[PDB]
Structure formats: structure tokens, C-alpha cells
Amino acid sequence: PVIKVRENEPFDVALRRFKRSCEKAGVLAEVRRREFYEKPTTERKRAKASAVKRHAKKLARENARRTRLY
Amino acid sequence: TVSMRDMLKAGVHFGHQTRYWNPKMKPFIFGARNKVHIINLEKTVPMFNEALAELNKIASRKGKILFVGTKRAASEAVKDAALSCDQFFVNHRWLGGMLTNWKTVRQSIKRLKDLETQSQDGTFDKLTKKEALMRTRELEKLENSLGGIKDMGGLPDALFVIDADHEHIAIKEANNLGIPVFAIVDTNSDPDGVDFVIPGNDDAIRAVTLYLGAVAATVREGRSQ
Amino acid sequence: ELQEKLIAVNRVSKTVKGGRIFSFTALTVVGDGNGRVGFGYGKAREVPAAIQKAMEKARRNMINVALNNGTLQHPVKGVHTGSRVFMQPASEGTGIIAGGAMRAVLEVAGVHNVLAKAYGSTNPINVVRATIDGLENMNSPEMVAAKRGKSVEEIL
Amino acid sequence: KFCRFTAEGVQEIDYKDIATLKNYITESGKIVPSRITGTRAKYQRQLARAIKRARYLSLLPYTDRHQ
RNA sequence: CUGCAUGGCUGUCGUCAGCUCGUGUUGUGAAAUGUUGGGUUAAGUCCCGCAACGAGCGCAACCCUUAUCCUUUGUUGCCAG
RNA sequence: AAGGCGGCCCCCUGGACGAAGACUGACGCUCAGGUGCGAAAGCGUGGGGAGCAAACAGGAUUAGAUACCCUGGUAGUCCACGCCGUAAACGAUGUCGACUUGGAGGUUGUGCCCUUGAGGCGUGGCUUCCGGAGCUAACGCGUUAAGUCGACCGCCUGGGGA
Ligand SMILES: [Mg+2]
Ligand SMILES: [Mg+2]
Ligand SMILES: [Mg+2]
Ligand SMILES: [Mg+2]
Ligand SMILES: [Mg+2]
Ligand SMILES: [Mg+2]
Ligand SMILES: [Mg+2]
């Protein structure tokens with residue numbers, strides 16, 4: 001991403017904008033999974049393990065609204 | 001009275017959302033309305049009248065009717081109506097084993113007899129004020145939970161449940177003992193643990209006021225024999 | 001008054017941080033020579049306390065059986081978790097031809113002539129429940145006539 | 001949000017449109033996921049094909065950097 | 001001599017906070033609940049919810065001094081006047 | 001169908017689902033023996049080979065390490081034509097038909113109402129999570145059942161030996 005800083009802009013805010021752009025692009029987070037070979041078996045296992053937790057959280061959110069006042 | 005017009009004007013016909021309806025109580029459904037169920041007055045009124053007839057008959061039989069309800073909106077009502085009909089009530093959370101573990105209920109009943117007589121005996125003298133106020137709270141909070149069943153003797157002869165779905169444990173205990181039950185069930189309740197089924201709304205100030213006004217009146221109705 | 005027989009006593013034990021602790025479980029069956037019969041399962045630290053605890057629960061859980069004058073009405077089968085009991089009526093003088101925990105429960109239920117056979121796991125704890133459920137589910141001529149609308153003479 | 005294609009009754013999506021299609025690609029040339037766009041699964045699979053067609057025909061860059 | 005026969009006594013874990021029982025309930029059963037979960041505390045201390053309800057040894061208090069004030073008695077002590 | 005399939009385009013083609021129809025008329029289910037397909041690894045011939053990587057060498061750890069940590073590295077993984085029918089080939093749940101409370105979704109089509117906004121009511125196919133009766137030794141299944149039955153095939157009879 002091009003983060004060419006214009007005039008009258010502090011280096012601090014310029015670097016923060018660059019870091020935010022990198023974070024929203026998610027380039028740094030992709031190397032931690034592209035650094036090694038994940039077998040298709042392992043990838044599918046991770047995907048289902050993440051899907052199971054992803055609606056289990058919503059299931060618990062919608063189920064904890066019945067009892068347990070505080 | 002038993003008036004369907006009174007029930008409709010109070011708001012008994014309302015129920016709960018259609019996603020919580022119990023599948024075993026649909027004959028008592030008038031039809032969905034904005035994802036909210038509506039009960040049947042044409043079916044609620046006759047069953048309620050028959051239950052009131054049986055209740056006043058069993059009251060003339062000199063039976064100990066116990067009201068039980070832990071709702072916060074109908075908290076003071078089930079007490080002001082139980083005092084009117086000269087009967088017994090439980091208003092706080094149902095202590096599991098109140099009916100089955102009657103030996104320990106009587107033991108607690110006598111604990112809050114010795115402690116009750118402590119107030120008369122001015123025994124708040126053989127101990128300083130910290131001792132005295134601790135004992136004062138020990139009766140205050142011990143009475144505010146089981147005070148409606150102090151002068152009751154043994155097990156009640158009939159039960160009247162404000163909401164069967166919430167107080168399902170009391171339904172089970174009463175069925176195990178062999179005590180007749182008149183429970184106010186709703187669209188999300190289970191009308192299978194009760195021999196007498198009372199359809200209609202269960203969480204409404206006006207609805208519970210009408211129910212209590214009918215029950216207490218018929219109980220005094222039967223007592224005056 | 002009422003007759004009672006305890007069938008088997010066990011020596012179940014638990015394990016704790018400081019070792020293993022012991023306990024006793026007693027199975028008893030109570031009856032009165034008639035259709036009333038019940039079973040109880042008490043748990044205590046010693047055999048007399050266990051049997052005395054089981055007796056009270058048996059008495060409070062007694063159930064009624066529509067037996068005949070000296071036998072049962074019709075052959076029946078009872079299916080529990082691990083026990084499959086099959087009982088059938090017999091004639092005068094045959095006796096109670098049953099084994100395991102079924103003999104005691106039949107004797108306290110009052111049936112004098114009966115032939116019983118158990119298949120599966122013959123443990124007393126399960127076979128007692130199996131035979132109690134089989135005896136409680138049997139029908140009588142009067143009950144079947146009432147439920148069908150016919151008469152006992154018609155359905156003979 | 002809501003599927004604007006269904007809201008406006010857009011039956012088909014053509015790669016030749018760029019002014020109203022750039023809204024579905026990030027500044028890095030990556031496709032905005034459905035969980036962020038608010039688009040149905042019927043039209044996400046057609047938006048992806050249109051974006052791929054535009055990338056092939058040099059209408060939308062694959063990424064910010066190419067050379 | 002034998003604390004590898006013991007009584008009595010003592011130290012540590014540790015004034016750490018847990019250790020159990022009665023009834024009831026649940027599971028065919030071994031067994032579980034109570035004792036778990038949120039707040040809170042020094043704590044199984046208190047509350048709420050929850051088939052749990054209660055009880056014992058238990059966490060505190062009741063025991064001994066200090067900290068404001070009252071009365072009684074005034075010697076071997078105080079000198080307000 | 002299973003195994004398994006992921007930029008885009010072109011050509012051939014199999015299968016699946018829906019409103020309203022028309023048409024033959026039991027032509028329907030299963031199926032020993034047989035036939036075909038069938039992960040990867042492996043073998044033969046002809047090619048290619050960037051990266052990865054059995055065997056192999058070296059380095060490191062360890063009392064020892066013919067291994068896990070590292071640097072290389074051939075077969076192989078890439079293509080065409082041939083051989084095997086082997087997997088935890090799993091949903092450890094065979095194929096087909098009917099019935100049995102409910103809730104919250106995903107995907108796909110259609111009907112209707114004023115569609116002013118994925119407004120509202122219905123209706124079929126696939127699929128996902130709870131959950132009642134019931135079943136089970138219990139975990140658990142639970143309208144896609146492991147609930148009750150019907151038709152058929154295959155398999156099981158103590159653990160080793162095997
Ligand atoms: Mg807590
Ligand atoms: Mg291969
Ligand atoms: Mg290597
Ligand atoms: Mg080496
Ligand atoms: Mg298999
Ligand atoms: Mg076939
Ligand atoms: Mg389920």
C-alpha cells in the first residue's frame with residue numbers, strides 16, 4: 001500500500017497510518033501461516049474446529065440469557 | 001368472577017413469543033399474532049370454573065391450600081390474597097425439598113419456634129448487642145423465606161401454582177406426594193405434570209390479580225359452610 | 001404383617017485421597033401375599049443399616065399387581081436395561097419355578113404357581129426391576145373389558 | 001448491511017462496470033469479504049467472477065504493486 | 001534397648017480453608033447434588049441463581065488486654081480549691 | 001454414487017432441483033456369483049523437473065540417537081499410456097418405502113399480497129446445531145434416528161495363534 005505522506009503531517013501519525021494500513025491489509029498475519037506447509041487434512045481440521053467454536057460462542061450468547069442473573 | 005370479558009380486559013389472552021411455545025399445548029392456542037401466541041377464552045373459562053369448583057369443594061373438606069409463586073411482579077399479591085382466604089403461601093424461591101423433606105422442614109419450623117420465642121423471652125439480654133442483632137437477622141431472614149408455612153402442621157392438601165413452568169420442581173414434588181395441583185400454565189409451560197390445567201397468561205399483574213381474586217373468593221366461598 | 005426378603009448384599013467401594021473407603025448396598029423386596037409388591041435399594045456403611053434403609057423405600061414404592069387367585073392371569077415379558085424376564089402362569093401344585101431374584105419377588109407378590117425364565121444379564125439389581133415392570137404391565141379380564149367396551153364373558 | 005444488488009434488482013453483474021464495482025475491492029486489490037460487504041452468496045460468487053474478469057482484462061489491478 | 005507394640009505430649013502441612021453427615025432428588029447401577037457458578041471477603045463470610053433443604057467439626061463471636069466515657073470504694077497515692 | 005473436486009476462457013458432456021402441465025402403466029426394491037469406478041503410496045515405458053521431499057551425507061542434542069533441531073540432497077510429488085484394488089476409503093451407522101413433538105439457521109427455486117428497504121404469508125430439494133417421546137450398557141441418536149415396522153444382501157460367535 002502507498003502511504004505517501006503529504007506536507008504538514010507528523011511522522012508519528014504517518015507511521016501510525018502506515019501501520020493501520022498494514023493491519024487492515026493483513027500481510028504480516030499471512031506469513032505465520034505461509035511459513036510452513038499445512039496438509040489439507042490439517043487445514044480442514046482447523047477450519048471445522050474454528051467453525052465449531054464460532055457458533056458455539058453465539059449459541060452460548062443466546063443460551064445464557066435465560067438464567068444466571070449475575 | 002369467571003368472566004371471559006374480564007379476562008380479555010385484564011389481558012389474560014396474551015402469551016409468549018412463538019419461538020418458545022411448548023408443542024404439547026396447542027389445542028389451547030387461538031392463533032399467532034405478531035409472533036406472539038394468544039390463548040383460548042372458550043377453553044380457559046370452563047376449565048378454570050371447574051377447577052374453582054373443585055377447590056372450594058376441597059376447602060369445604062377443610063383442606064390446607066398452599067399457594068406457591070416466586071415471581072417478583074406477583075410477589076405481594078399472592079400474599080395479600082393468601083391472607084384474605086386464611087390460607088398458606090410461599091412467595092420466595094422454592095426450597096427444593098419443602099414437600100418431600102418435610103422432616104427437615106419441621107426441624108427448620110421448630111428452629112424458628114425456639115428463635116421466635118427468643119423474641120418474647122427477652123433472651124436478647126444474656127448476650128451483647130452484636131449478639132442480639134445477629135439473632136435478629138437470623139429470624140428476620142429465616143422468617144421472610146418460610147413464614148407462610150409456620151402455622152400449617154403437616155403437608156398441604158392442595159397446591160396452587162402461579163407459574164408451572166418456573167415452579168416445575170414443586171409440580172414434581174406434589175405429584176410424587178399425591179397432592180392435587182392447580183397450576184396457571186402458559187403457552188411455554190408443560191401441562192402434563194398437573195391434573196388440573198389452567199390456561200392463560202402467567203406473568204401479568206392484572207391476570208394474576210384476577211386469578212387470586214377468584215381463588216381466594218371461592219376458598220372463602222367454600223370455608224363459609 | 002407384610003413379608004420381606006432382602007435378595008443380595010454388595011460391597012461397593014469408593015476411592016479417596018487417603019485411600020479407598022467401603023460401603024454396602026442392599027436390595028430388598030416387600031409384599032403382603034397379594035398383588036401389592038415393592039422393591040428397595042438402600043446404601044449405607046453396614047448391612048443392617050442398608051437393609052433397614054432399603055425396606056422403607058420398598059414399602060413406600062410398593063406397587064399393585066392384578067394377579068389371579070393362585071397364579072398370574074396371562075404370560076408376560078419384562079424388558080429392563082440388561083435383564084429380559086419371561087413369566088407364565090402354571091397349574092395347582094407346580095409351584096414357583098423361578099431362579100435368581102425373581103423367586104423372592106414372586107413369593108412376596110403371592111403367586112404360588114408360576115414358571116419364570118431370565119435371559120441376558122442376571123444381576124439382581126436389574127432383574128428385580130425387569131420382573132417388577134413385567135408384572136405391573138400385565139392386564140386383567142376386567143380391565144381389558146372396560147378398556148375395549150366388551151364384557152368378560154364375551155372376551156373369555 | 002443489505003445486498004444492494006437485490007435491493008436495486010440487479011439481475012447480473014458485468015465486469016465492464018468499474019465505477020460502481022471499485023467499492024467491492026480493498027485498496028490492496030483484495031476482495032471485501034461477504035461478512036463485511038453484506039452481500040448474499042448468490043451475488044458474491046458473481047462479483048468474484050466479475051472482479052477476476054476485470055483483473056484479467058486490466059480493468060482492476062490484482063494488487064497495488066505489480067512491477 | 002525396642003517411639004516399627006504403645007499411652008500421654010509436641011512440631012510441620014496450617015488459623016490454610018476446607019473435612020463430613022441426615023433427609024430428599026437424579027442415574028438400572030458404581031455414584032452425583034448439596035460443597036458447583038457471579039459478585040464479596042480473612043474465610044464453605046454474606047447474597048443470588050441452581051433439587052436442594054438442613055446439621056457437625058469448621059470462620060467469626062463468646063475468652064484476655066488496649067483505645068472515649070459512667071459509678072463504687074481514697075491507702076502506702078493526687079494535690080482542683 | 002464413493003474416492004474426490006477451487007484464477008479465467010473456450011468445446012463436448014454427466015448428474016441434481018422448481019411452479020403449471022401432458023404421457024406408458026407396476027415397467028418397482030435388493031442382489032451371492034460377476035462388471036465398472038475408486039485417496040495416496042508403489043511398478044513399466046516415454047517426457048519433464050521450480051519448490052518440497054523417503055533413501056543418503058554432513059552438522060547439532062544425548063551415556064548412547066541408525067530420529068525428532070539445521071544445511072544439502074536422489075527416487076517421488078508435475079504429463080501421456082499401462083498394473084494393484086490397498087486406507088481410521090469414517091457418519092467406525094449397508095440399499096429402498098411409510099409414520100412419529102418442536103426451535104434457531106445456511107444454500108437453491110417457485111406462488112401470492114400494495115415488495116415504497118432481503119416488507120409479509122406460504123410452498124419443495126440439500127445441508128448445520130440444540131431438543132420432546134422413544135431407544136441404548138451408557139456415551140449418545142433423536143424427522144437426515146441409533147424411535148416402530150416392511151423387502152434384500154454382507155458380516156459376527158472368547159483373547160492370542162492369525
Ligand atoms: Mg463463588
Ligand atoms: Mg501416485
Ligand atoms: Mg530435511
Ligand atoms: Mg545425522
Ligand atoms: Mg468400515
Ligand atoms: Mg442398487
Ligand atoms: Mg440432538
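The record lists cryo-EM as the method behind this PDB entry and 3.44 Å as its resolution.

All names here are of chain B. Here we have five strands laid out as an open sheet, ordered 5-4-6-7-8, and parallel in their pairing. The open sheet terminates on both sides in strands that have one partner only, identified here as strand 5 (88–90) and strand 8 (196–198). Here the average twist between neighbouring strands, direction ignored, is 15°. The strands that helix 2 (residues 41–60) touches are strand 4 (65–68), strand 6 (158–161), strand 7 (181–184) and strand 8; relative to strand 8, the one it contacts most, it runs at about 130°.

Turning to a nonpolar patch on the surface, a few remarks are in order. All names here are of chain D. On the surface, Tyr-15, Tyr-56, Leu-57, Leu-59 and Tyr-62 cluster together into a nonpolar patch covering about 540 Å² of accessible area. Within the fold, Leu-57 resides in the segment after helix 3 (41–56). Residue classification places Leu-57 among the partly exposed residues on the basis of a relative accessible area of 47%.

Below, the discussion takes up the protein's contact with RNA strand F. In the region of RNA strand F, 17 residues are neighbours, and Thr81(C), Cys3(D), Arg45(D), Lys52(D) and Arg53(D) sit closest. Taken together, the sugar and phosphate atoms account for 84% of what RNA strand F places within 4 Å of the protein. A distance of 3.4 Å is found between a base nitrogen of RNA strand F and a backbone nitrogen or oxygen belonging to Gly38(D). Here a phosphate oxygen of RNA strand F sits 2.7 Å away from a polar atom, N or O, in the side chain of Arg45(D). Elements supplying a minimum of two residues to the surface near RNA strand F: helix 1 (4–8) and helix 3 of chain D. It is helix 3 of chain D that provides the largest number of residues to the surface near RNA strand F, a total of seven residues. Considered class by class, the residues forming the surface near RNA strand F number seven nonpolar, three polar and seven charged.

It is worth spelling out the interface of chain D and chain A at this point. Listed per partner, the contact involves four residues of chain D and five residues of chain A. The contact between chain D and chain A buries some 330 Å² in all, and 38% of this surface belongs to carbon and sulfur atoms. At the boundary of chain D with chain A, the tally comes to zero salt bridges. Where chain D touches chain A, the interface holds one residue pair in polar contact.

Here we come to the packing of aromatic side chains. Residues and elements named next belong to chain B. For the structure on display, the rule yields five aromatic pairs over all chains. Between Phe-48 and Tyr-211 the ring centres are 5.1 Å apart and the planes differ by 65°, which places this aromatic pair in the edge-to-face class. Of the two residues, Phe-48 is situated in helix 2 and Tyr-211 in helix 7 (residues 205–223); the sequence distance between them amounts to 163 residues. Here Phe-48 and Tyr-211 have matching classes, each one buried.

Moving on: the layout of surface pockets. What the largest pocket holds in volume is close to 760 Å³. Lining the largest pocket are 24 residues, with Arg66(A), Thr67(A), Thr70(B), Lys71(B) and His166(B) positioned closest to its centre. Considered class by class, the residues forming the lining of the largest pocket number seven nonpolar, seven polar and 10 charged. For the second largest pocket, the full set of lining residues is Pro1(A), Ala25(A), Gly26(A), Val27(A), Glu30(A), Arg34(A), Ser28(D), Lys30(D), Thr63(D), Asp64(D) and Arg65(D). Here the lining of the second largest pocket is built from residues that sort into three nonpolar, three polar and five charged.

This structure, assessed with the given rule, holds 12 salt bridges over all chains. As a salt-bridge pair, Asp192(B) and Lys24(B) come within 3.1 Å of each other at their nearest N and O atoms. Here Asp192(B), found in the loop between strand 7 and strand 8, pairs with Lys24(B), found in the loop between strand 1 (14–17) and strand 2 (29–33); they are 168 residues apart in sequence, far enough to count as distant. Residue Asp192(B) is classed as exposed on the basis of its relative accessible area, which comes to 52%. Bridged by salt links that share partners, the residues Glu30(A), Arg33(A), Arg34(A) and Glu43(A) form one connected network.

It is worth spelling out empty space enclosed by the protein at this point. All names here are of chain B. For the coordinates displayed, the defined rule picks out two cavities of 30 Å³ or more. The volume enclosed by the largest cavity comes to roughly 60 Å³. Looking at the largest cavity, the residues that line it are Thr-1, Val-2, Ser-3, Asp-6, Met-7, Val-12, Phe-48, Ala-207, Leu-210 and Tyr-211. Elements that contribute at least two residues to the lining of the largest cavity include exactly helix 1 (4–10) and helix 7.

About the criteria used
- Residues numbered from 1 in each chain as written, not as in the entry; some residues may be left out.
- Chains lettered and ligands numbered in written order.
- Part of a larger assembly, values for the part shown.
- Heavy atoms only, no water.
- Pairing = 2+ DSSP bridges.
- Helix = DSSP H or I, 4+ residues; strand = E, 2+ residues; numbered from the N terminus.
- Axes fitted to C-alpha atoms, helices over the stretch in contact; angles between N-to-C directions.
- Contact = heavy atoms within 4.5 Å.
- Patch = residues over 30% accessible without salt bridge, like charges linked within 9 Å, V, L, I, M, F, W, Y side chains within 5 Å.
- Areas by Shrake-Rupley, 256 points an atom, 1.4 Å probe, with all protein chains shown as cover.
- Salt bridge = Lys/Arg side-chain N within 4 Å of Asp/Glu carboxyl O.
- Buried < 20%, exposed > 50% of the residue type's maximum accessible area, 1.4 Å probe, protein only.
- Near = heavy atom within 4 Å.
- Polar contact = N/O pair within 3.5 Å; in protein donor to acceptor, adjacent residues only side chain to side chain.
- Nonpolar A, V, L, I, M, F, W, Y, C, P; charged D, E, K, R; others polar.
- Buried area = accessible area lost by both parts, 1.4 Å probe.
- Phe/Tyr/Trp six-rings, centres within 6.5 Å; stacked < 30°, edge-to-face > 60°.
- 1 Å grid on protein atoms, 1.4 Å probe; cavity = no way out; pocket = protein on both sides within 12 Å on 5 of 7 lines; lining within 4 Å.
- Points joined across faces, edges and corners; volume = space filled by probe spheres on them.

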